[PDB]
Amino acid sequence: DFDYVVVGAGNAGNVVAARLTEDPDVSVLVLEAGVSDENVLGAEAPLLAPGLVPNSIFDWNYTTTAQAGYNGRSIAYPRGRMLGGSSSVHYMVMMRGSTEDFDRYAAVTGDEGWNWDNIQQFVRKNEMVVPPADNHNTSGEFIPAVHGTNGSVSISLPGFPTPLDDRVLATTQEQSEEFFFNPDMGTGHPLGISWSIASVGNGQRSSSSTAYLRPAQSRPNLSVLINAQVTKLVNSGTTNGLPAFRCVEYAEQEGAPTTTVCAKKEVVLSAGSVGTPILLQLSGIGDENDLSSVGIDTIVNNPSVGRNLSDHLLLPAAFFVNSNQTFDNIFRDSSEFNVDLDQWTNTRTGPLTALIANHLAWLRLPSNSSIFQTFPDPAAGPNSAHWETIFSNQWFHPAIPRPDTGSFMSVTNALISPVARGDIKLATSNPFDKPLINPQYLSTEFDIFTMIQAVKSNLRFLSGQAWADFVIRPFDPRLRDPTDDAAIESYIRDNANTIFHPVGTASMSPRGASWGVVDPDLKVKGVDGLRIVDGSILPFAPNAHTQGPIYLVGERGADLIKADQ
Ligand SMILES: Cc1cc2nc3c(=O)[nH]c(=O)nc-3n(C[C@H](O)[C@H](O)[C@H](O)COP(=O)(O)OP(=O)(O)OC[C@H]3O[C@@H](n4cnc5c(N)ncnc54)[C@H](O)[C@@H]3O)c2cc1C
Ligand SMILES: COc1ccc(C(=O)O)cc1
C-alpha cells in the first residue's frame, strides 16, 4: 500500500503529490471527489473561466448562511470540484502577497521558514514566465528578476489588450498621488497600480493539474483517483501517545459503499478552506459542543476547527461605456464567439486568451482616517493594502446576469484587510450534506467604512481626463453621487459578494499553542500522521488572490513532509 494519501487534487494537493513522487521509492495516492479536467473548454480558454461555477457539475454548489451585513442575502460560494481543484475554475491572477503577510505568518507561528525572504525559493520552484498570447513587448510591465524562469506553473502578462489599458496607465500619471504605478507586486510591496500576471501559458490555463499532475502521469509511484470523496478520516491507533489518523474512507457518491485505504507515513489533507475543516469535524476533530449537537463523538476537542475564517469580500460595479471593444458581445453573439473560438483553437490567440482584468490597484486608507480613532490598523503592516480595485473590459457581477444591451466596464473592489471573522460548521453528520459557511461580511464598522471609501476612490479614478469620452454613467444610480453616503452604503449592502479567497479555518499557530489547528510544520495538533497543506492553514487574509500564497504553502509543505521521512 501507499506511503501517502493526499485528500484533494487541488491547488496545493497536486504540488504535494507531484513533489513527493519525484523520489521513485515514495508512493502517493491522490483522492479527488470531482471529475476530470480534460475536455473542459471552459477550464482551458481564459476568458471562459467566469461561466464555469457556481451552479454546475464542476462546483461543490455551496452557499453561505444568510448574511445580516448583506441585508439578509445568502450568496453562492463556488469551489472547484475536479482535478486541479479551484485552480481549474479560478480567474488565473497570480501574485504572492506582501513581505508583511509572510513576516506576520513567521511572527505568529515562531517559524522563520515562513517569512518573506525564506519563501522566495518556492516562487522560483513554482513558476516560469512565458510569452503572453499576443506576444506583445512586456518591457516595464513586470520585473523578471523577482519571478521564476524554470518553475512548474506557466505565468504571463495579459495575452489580449483592452481599451482600458492606456486609460489606466494615463490615470497613474494624471492622478499619481492616489493611483501611482507599481512595476511588480513580486517585490512584496503591493500598493499601487500594476499589470496583471496570470497562470496562462500558450494562451491557455496553467492549473495545478496541468502543471504538476499531467507531467507526472506516467510515474508508477503516483495514483490519482477521481470520483472519490473522502467521507471520514479514521482513527487507526495510537503512535507517539496521540490518536493516529492514517486511514481514510471514501466513496463515489452518497449511498455508495465506502472503500478503506491507509497511508504508511501520512495522510495529507488538501481539501481546501471549506473542505478541510468539515472533513475534520466529520471525523471527530473539532468543537465538542458543535459535534455532539449533530450526533458526532469528539475524538480531539479543538474549537479552532472551522473558526478564524477570513475572506476578501467583493464589491462589483458596472458602468456603461462608449466603446465597441468591450468583451460583452462575445457572450451575446454566437457569430462573434465562434470566430474567437476558431482563432483560439487554431492559434491560441485572440479575445479568448484575455483576462478578467489587465490592471489591479492596491490601496490604503489615508493614515489620518477617522476610522483609526476606534480601530487599530488591520492591514498586515504599513506597506500593505486595505482594499483592491480591479478594472475589467466587460460586465462583471457574480449575482446579476449581464444585461441584454449596453457596453460596460466594471470596477470591482476586494476588502483585503477585514476585521470580520467567520466560521464553517456542520449542519448534520452526513458527509454529503452542505456545510454552514458564515463569513460574517460587513459585521464591523471598519469593513463597511473602508468599502464606502473604496467607492469614493473608484469615482475619483473614473472622473479623470483619460475617462472623459469613455465612461458614460454607472449602471446603478446609487453610484451617481460621491457624497451620498446613505445611497453608497445601500449599494454596498445590496451588491457585495465574495472574491473567493477563504483562508484560516485550520490556522497554523506555534507548537502546543492556545488556539490554531496545526503546528508551524502543518501537523494537526493533538494527532499523529495527519498533515494539512492548503489554504486553510493561512491565519490571515494575504495581500493577494490566494492561488499564489497557496502554491507557496504547497511547495514548502512538500519540503516539510520530505524532512520527516
Ligand atoms: C470562481 C473563483 C475564482 C477565483 N479566481 C482566482 C484568481 O484569479 N486568482 C487567485 O489567486 N485565486 C483565485 N481563486 C482562489 C483560488 O482558486 C483558491 O484560493 C485556491 O485555488 C484554493 O487552493 P486549495 O489547494 O486550498 O483548495 P482547492 O484548489 O479548492 O482544492 C481542494 C480540492 O479538494 C477536493 N476535495 C474537497 N473535499 C474533499 C473530500 N472530502 N474528498 C476528496 N476530495 C475533496 C476538491 O474537489 C478540490 O479539488 C478563485 C476561486 C474561485 C472559487
Ligand atoms: C473582477 O475580476 C476578478 C479577478 C479575480 C477574482 C478572484 O481572485 O476570484 C475575482 C474577480
Side-chain angles (χ1 to χ4, degrees), residues 5-16 30-35 37 46 49-54 58-60 62 76-97 196-199 207-209 225-233 248-251 269-276 278-280 282-283 311-312 314-317 355-357 360 388-392 394-398 410-414 431-432 497-503 505-506 532-538 542 544-551 553-554 557:
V5 177
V6 179
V7 181
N11 196 148
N14 293 341
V15 180
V16 177
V30 183
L31 300 166
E32 174 53 44
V35 295
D37 63 333
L52 220 34
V53 298
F58 314 106
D59 189 20
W60 284 85
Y62 299 148
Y77 213 72
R79 265 12 250 173
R81 205 178 101 109
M82 62 198 294
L83 290 177
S86 306
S87 85
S88 288
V89 311
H90 67 17
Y91 306 161
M92 291 145 298
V93 182
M94 176 72 84
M95 68 288 267
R96 304 303 178 157
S196 303
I197 300 178
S199 54
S207 72
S208 79
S209 44
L225 294 190
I226 57 166
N227 308 128
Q229 180 175 335
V230 178
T231 48
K232 192 181 270 163
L233 313 169
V248 308
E249 292 167 13
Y250 69 92
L269 303 196
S270 299
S273 294
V274 180
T276 281
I278 68 185
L279 181 51
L280 284 168
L282 287 154
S283 304
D311 192 8
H312 302 141
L314 181 148
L315 183 70
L355 302 185
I356 192 55
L360 316 165
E388 181 197 6
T389 306
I390 302 167
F391 307 97
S392 303
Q394 59 176 310
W395 175 276
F396 177 81
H397 197 319
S410 307
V411 177
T412 308
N413 309 103
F432 302 90
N497 205 285
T498 175
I499 198 161
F500 320 121
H501 303 156
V503 297
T505 50
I532 306 174
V533 190
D534 63 33
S536 68
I537 71 93
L538 298 162
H545 304 229
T546 42
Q547 94 167 303
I550 288 163
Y551 270 128
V553 171

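All ligand and atom numbering here is 1-based and tracks the order in the structure. All residue numbers refer to positions in the sequence shown, counting from 1. We use all heavy atoms of the structure for the numbers below, so side chains are in, but hydrogens, waters and symmetry mates are not.
Atom 51 (C) of ligand 1 has as its closest protein heavy atom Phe500 CB, 3.3 Å. Of the protein's heavy atoms, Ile356 CG2, 3.4 Å lies nearest to atom 4 (C) of ligand 2. Nearest protein heavy-atom contact of atom 31 (O) of ligand 1 is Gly10 CA, 3.4 Å. Counting protein heavy atoms only, atom 27 (O) of ligand 1 is closest to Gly272 CA, 3.7 Å. Distance from atom 23 (O) of ligand 1 to its nearest protein heavy atom, with residue and atom name: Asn11 CB, 3.0 Å. Among protein heavy atoms, the minimum distance from atom 9 (O) of ligand 2 is reached at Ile499 O, 2.9 Å. Given atom 34 (O) of ligand 1, the protein heavy atom at minimum distance is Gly8 CA, 3.2 Å. Protein heavy atom nearest atom 9 (N) of ligand 1, with residue, atom name and distance: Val93 O, 2.9 Å. Considering only non-hydrogen protein atoms, atom 8 (O) of ligand 2 sits nearest to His501 NE2, 2.6 Å. The single protein non-hydrogen atom nearest to atom 19 (O) of ligand 1 is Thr546 OG1, 2.6 Å, given as residue, atom name and distance. Scanning all protein heavy atoms for the shortest distance to atom 5 (N) of ligand 1 gives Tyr91 N, 2.9 Å.
Taking a cut-off of under 4.0 Å to the non-hydrogen atoms of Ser270, the atoms of ligand 1 that pass are 31 (O), 32 (C), 33 (C), 34 (O). Residue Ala12 approaches ligand 1 through these ligand atoms, each under 4.0 Å from one of its heavy atoms: 25 (O). If you number the atoms of ligand 1 from 1 as listed, the ones under 4.0 Å from a heavy atom of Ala33 come out as 43 (C), 44 (N). Set against the non-hydrogen atoms of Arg81, the atoms of ligand 1 under 4.0 Å away are 47 (O). Taking every non-hydrogen atom of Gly535 and a distance limit under 4.0 Å, the qualifying atoms of ligand 1 come out as 26 (O). For ligand 1, the atoms lying closer than 4.0 Å to a non-hydrogen atom of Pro78 are 53 (C). Of all atoms in ligand 1, numbered sequentially from 1 with element shown, those under 4.0 Å from a heavy atom of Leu31 are 43 (C), 44 (N). Atoms of ligand 1 lying under 4.0 Å from any heavy atom of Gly80, numbered from 1 in the order shown and given with element: 46 (C), 47 (O), 48 (C), 49 (O). Residue-ligand proximity, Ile390 to ligand 2, at heavy-atom distances under 4.0 Å covers atoms 1 (C), 2 (O). Annotation for ligand 2: atoms under 4.0 Å from non-hydrogen atoms of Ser392 are 1 (C).
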Next item on the list: Determine, step by step, whether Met95 and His545 satisfy the side chain to side chain contact (heavy atoms under 4.5 Å, CB included) criterion, reporting the C-alpha distance in whole Å, the side-chain angles of both residues, the deciding distance to 0.1 Å, and the verdict.
Entry: CA-CA 7 Å; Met95 68 288 267; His545 304 229; 3.3 Å; yes
Next item on the list: Could you go through the side chain to side chain contact (heavy atoms under 4.5 Å, CB included) check for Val6 and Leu31 one step at a time?
Entry: CA-CA 6 Å; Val6 179; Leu31 300 166; over 6 Å; no
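Considering only non-hydrogen atoms, atom 35 (C) of ligand 1 lies nearest to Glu32 out of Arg79, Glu32, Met82.
In terms of modelled atom types and a separation under 3.5 Å, the side chain of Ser86 and the main chain of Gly80 share a donor-acceptor contact. Judged by distance alone, with hydrogens and angles left aside, the side-chain atoms of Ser392 form no donor-acceptor pair with the main-chain N or O of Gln394 at under 3.5 Å. Although no hydrogens or angles enter the test, the distance criterion places no donor-acceptor pair under 3.5 Å between the side chain of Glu249 and the main chain of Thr231. No donor-acceptor pair closer than 3.5 Å links the side chain of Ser207 to the backbone N or O of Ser87.
No side-chain N or O of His312 forms a donor-acceptor pair with one of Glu388 less than 3.5 Å apart. Inspection of the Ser209 and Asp37 side chains reveals an N or O donor paired with an N or O acceptor under 3.5 Å. Remark: the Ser208 side chain and the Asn11 side chain contain no N/O donor-acceptor pair separated by less than 3.5 Å. A side-chain donor-acceptor contact under 3.5 Å links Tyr77 and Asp311. Defined by atom type and a distance below 3.5 Å, a donor-acceptor pair is present between the side-chain atoms of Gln547 and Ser199.
At a threshold of 4.5 Å between non-hydrogen side-chain atoms, the residues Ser88 and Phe58 do not count as touching. With contacts defined as side-chain heavy-atom distances shorter than 4.5 Å, the pair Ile532/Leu280 qualifies. For the pair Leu314 and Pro398, the minimum side-chain heavy-atom distance is below 4.5 Å. The side-chain heavy atoms of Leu538 and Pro549, taken from C-beta on, include a pair separated by under 4.5 Å.
At least one N/O-N/O distance between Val230 and ligand 1 falls below 3.5 Å. Where the criterion is an N or O separation shorter than 3.5 Å, residue side chain and backbone included, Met92 meets it with respect to ligand 1. When only interatomic distances are considered, the shortest N/O to N/O separation between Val53 and ligand 1 does not fall below 3.5 Å. Considering backbone and side-chain N/O atoms, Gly34 never comes within less than 3.5 Å of an N/O atom of ligand 1. Any N or O atom pair closer than 3.5 Å counts here, and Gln229 shares no such pair with ligand 1. Annotation: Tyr91 places no N or O atom under 3.5 Å from an N or O atom of ligand 2; distance criterion only. The distance criterion of under 3.5 Å between nitrogen or oxygen atoms is met by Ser86 with respect to ligand 1. Every N/O-N/O distance between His90 and ligand 1 stays at or above 3.5 Å.
At least one heavy atom of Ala228 sits less than 4.0 Å from an atom of ligand 1. Using a non-hydrogen distance threshold of 4.0 Å, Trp60 registers as a contact of ligand 1.
At least one test fails for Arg79 against the ring of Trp60: distance under 6.0 Å to the centre or angle within 45° of the axis.
Shortest non-hydrogen contact noted between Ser196 and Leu360 is OG-CG, 3.8 Å. Closest approach of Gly272 and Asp534 over heavy atoms only: N-OD2, 2.8 Å.
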